[PDB]
Structures are given as structure tokens and as C-alpha cells.
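In this analysis, Cβ positions are derived from the backbone assuming ideal geometry, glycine residues included, and neighbour counts consider all displayed protein chains. Derivation of every value follows stated rules applied to the coordinates shown; laboratory data play no part.
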Amino acid sequence: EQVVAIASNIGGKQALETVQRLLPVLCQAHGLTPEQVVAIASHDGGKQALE
């Protein structure tokens, strides 16, 4: 279990809840925050019509 999974369990949007949770993490560790690029694209340009 992880915060990125618990929040998404409540919200119902794993790809969206994980990006908001890993946002400060990847922003502090790197800054670029690829999550808003890769994870978002995985849902928008991928798992959209199937979600």
C-alpha cells in the first residue's frame, strides 16, 4: 500500500490522484515532474476511452 494508491482509491482516478501525490515528490527530487507528462499522457492519450 502507498499514499499514491490510497488517495486514488478514494478519488477513483489512479492516474490523476497519483500525479497530484507524486507532484511535490518529483518536483523536489528533480523539479521537472515527469508525472504530469508521462502519467497524464497515459490517461489522456491512452487510458481515456477505457476509463
TODO: Residue by residue through the range 9-51, note down the ones that are in contact (Cβ under 8 Å) with a residue 12 or more places away in the chain and of a type in the set (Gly, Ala, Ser).
DONE: 15, 39, 42
- [ ] Say whether the condition of being of a type in the set (A, V, I, L, M), in a helix (DSSP H, G or I), within 12 Å of the chain's Cα centre (by Cα) and crowded, with 17+ Cβ neighbours inside 10 Å is met by at least one residue in the range 40-51.
- [x] no
